[PDB]
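In: let me start by giving you these chains from the complex, positioned as in the assembled structure:
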Amino acid sequence: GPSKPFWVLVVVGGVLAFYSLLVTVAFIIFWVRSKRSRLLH
């Protein structure tokens, strides 16, 4: 009647996976790439 917990489970695992993966992974890419501090080869 009031929806099953299956909703709160997909909603949490869904947003957490995209937000944590894109924000955390992108953070690593900028940390080692920015460490260069210079370009032009």
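Out: Received it, and whenever you're ready, just let me know what you need. Numbering: from 1, shown residues only, chains lettered A, B, ... in the order given.
In: tell me which element residue A:37 falls in.
Out: Following DSSP states H and E, there is no helix or strand that holds residue A:37.
In: gap between it and residue A:28?
Out: 17 Å (C-beta to C-beta, to the nearest Å). Every C-beta, even on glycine, is put in place using the N, C-alpha and C of the backbone.
In: three-state assignment of residue A:28?
Out: helix (DSSP: H, G, I helix; E, B strand; the rest coil).
In: now for it, how many residues are close by?
Out: 9 (other C-beta atoms under 10 Å).
In: and it, how far is that from residue A:2?
Out: 41 Å.
In: tell me which element residue A:15 falls in.
Out: Under the criterion of DSSP H and E, residue A:15 resides in helix A:6-34.
In: quick one: that helix to chain centroid distance?
Out: Distance, stretch centre to chain centre, for helix A:6-34: 2 Å (C-alpha atoms, centre = their mean, to the nearest Å).
In: likewise for stretch A:5-20?
Out: Taking mean C-alpha positions (C-alpha atoms, centre = their mean), stretch A:5-20 and its chain are 12 Å apart.
In: contacts for that stretch?
Out: Under the contact criterion C-beta atoms under 8 Å, 6 or more residues apart in numbering, stretch A:5-20 has no outside partners.
In: include this sequence as chain B:
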Amino acid sequence: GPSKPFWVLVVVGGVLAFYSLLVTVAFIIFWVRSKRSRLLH
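Out: Time to bring in chain B:
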């Protein structure tokens, strides 16, 4: 009544994010690490 909801939310979202993040993050970094390595010229 007791079904350990918070426990599964952290365990499920914790492993899923650590698996795709640890394997994918290490995959891209190692790709340019070997190609941009050479050290044999």
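In: ok chain B is loaded, check the contacts of stretch A:5-20 again?
Out: Here stretch A:5-20 makes contact (C-beta atoms under 8 Å, 6 or more residues apart in numbering or on different chains) with B:5, B:8, B:9, B:12, B:13, B:16, B:17, B:20, B:21.
In: of those residues, closest to residue A:32?
Out: For the contacts of stretch A:5-20, the residue nearest residue A:32 by C-beta to C-beta is residue B:21; the value is 15.0 Å.
In: surely residue A:25 meets residue B:25?
Out: Yes: the criterion here is C-beta atoms under 8 Å, and residue A:25 meets it with residue B:25 at 5.6 Å.
In: before we move on, back to that, give me the buried entries from the contacts of stretch A:5-20.
Out: Of the members of the contacts of stretch A:5-20, the ones counted as buried by neighbours, 16 or more other C-beta atoms under 10 Å in any protein chain shown, are B:13, B:17, B:21.
In: in this structure the last one contacts residue A:27, no?
Out: No: between residue B:21 and residue A:27 no contact is recorded; they are 10.5 Å apart, counting by C-beta under 8 Å.
In: check contacts around residue A:25.
Out: B:21, B:24, B:25.
In: let me see the contact set for the second one.
Out: Right, the one you point to is residue B:24. A:21, A:25.
In: distance of residue A:23 from residue B:5?
Out: 25 Å.
In: swap in residue A:31?
Out: Counting by C-beta to C-beta - residue A:31 and residue B:5 are separated by 35 Å.
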